[PDB]
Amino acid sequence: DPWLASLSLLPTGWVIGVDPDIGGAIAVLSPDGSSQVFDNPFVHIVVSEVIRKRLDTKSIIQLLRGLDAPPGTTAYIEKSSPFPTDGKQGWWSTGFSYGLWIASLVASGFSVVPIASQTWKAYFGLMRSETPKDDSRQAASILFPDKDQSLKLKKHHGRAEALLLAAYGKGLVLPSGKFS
């Protein structure tokens, strides 16, 4: 698989998960069971007389260089899937975000593995619900309870997806119920 082999400097207990969109996050899981999650750094920019948000390339790379996760850690990234109602600039921007993140991760020595959103959601049973965004924050808070206050707002949906992608990569199991 030439595409997957191009996503790591290395041939093909830390895990990284990245939701690469504006509004996304990066989660880092340590072998000792602790977790960290960071909002994706962005700037406001004017394109064709419209103010928009764009990922901050330098800040992403500086964040990555501050992590304690060593090279050779696998970074699971959600496979890009722009929305239909997005225009010209939005499809460009989603691709830009994806390329920024992939190159940044590879240059830090991480092995990038793209995962379709349907794949990691099905792994956690995050299907068939009218409230998928709320459910992803609930799921992440069950798996990473010390993040419960960092996931309590609707806008923390991106932190939740990043943690769940990392949980997927680590093979963590979400229990059937409160007392399971």
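Numbers follow the displayed sequence, beginning with 1.
Per the record, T12 and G13 are separated by a gap of 10 or more residues from the deposited sequence that were not modelled. Here 57 to 65 and 142 to 150 are compared by their mean Cα B-factor, and 57 to 65 comes out higher. In this entry, 86 to 94 has the higher mean Cα B-factor, the comparison being between 72 to 80 and 86 to 94. Note on the listed residues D32, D134, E130, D39: the highest Cα temperature factor in the record is that of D32. In the deposited entry, the Cα temperature factor of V112 sits in the middle third of values across the chain's modelled residues. Split the chain's modelled residues into thirds by C-alpha temperature factor. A122 is in the middle one. Among the modelled residues of its chain, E161 has a C-alpha B-factor that falls in the lowest third according to the deposited record.
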